[PDB]
Amino acid sequence: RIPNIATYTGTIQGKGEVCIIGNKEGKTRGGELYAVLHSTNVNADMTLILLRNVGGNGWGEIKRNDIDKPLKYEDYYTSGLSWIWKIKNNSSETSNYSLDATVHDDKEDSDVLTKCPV
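Shown next, in the form of structure tokens:
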């Protein structure tokens with residue numbers, strides 16, 4: 014029930030920190046590690062960082078992208094490690110975030126907005 018990319022649009026509560034792996038798609042095809050963090054205001058100050066942690070419950074990977082920027086990585090290898098799109102904000106005001114990702118919806122993961130605080 015979504016056009017091309019699954020637009021995860023919401024309001025990040027100030028300097029929020031959230032791990033997005035939520036489902037909001039339907040297509041079988043998508044983008045291998047492809048998601049664009051959209052932000053429209055003064056200074057979005059939003060850090061779209063590609064993370065993968067599994068066991069320590071502390072996301073901390075090095076694939077950082079900027080505001081209004083599509084993140085694509087050819088590192089789709091080792092598909093046995095939990096990876097995430099982490100949104101960390103630096104803006105004081107509740108900023109709008111629009112994470113347009115192309116993923117195959119077939120899961121019922123916990124966080125599709127702001128439930129994963131790490």
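Mapped onto mature numbering (1 follows the signal peptide of the UniProt record, and there is no 0), the consecutive letters of the sequence shown carry residue numbers 14 to 131.
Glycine is no exception: its CB is placed at the ideal position from the N, C-alpha and C atoms.
Between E87 and the set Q26, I25, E45, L94, the nearest pair of CA atoms involves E45.
Around the Cβ of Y21, a 10 Å sphere holds 16 or more other Cβ atoms; the residue is buried.
The count of Cβ pairs closer than 8 Å, one atom from the segment 22-38 and one from the segment 118-126, reaches three, so the stretches are in contact. Judged by beta-carbon spacing, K82 lies within the 8 Å limit of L61, meaning their Cβ atoms are closer than that value.
Ranked by Cα distance from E106, the options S52, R14, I18 are led by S52. Under a 10 Å Cβ-count criterion, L112 is classified as buried, with 16 or more other Cβ atoms of the shown protein chains found around its own Cβ. Pairing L50 with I100 gives a Cβ-Cβ distance under 8 Å. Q26 and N102 have their C-alpha atoms some 8 Å from each other. Counting only the Cα atoms, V116 lies some 5 Å from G43. For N78, same chain residues with a beta-carbon under 6 Å away, outside a window of 5 residues either side, are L61, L84 in chain order.
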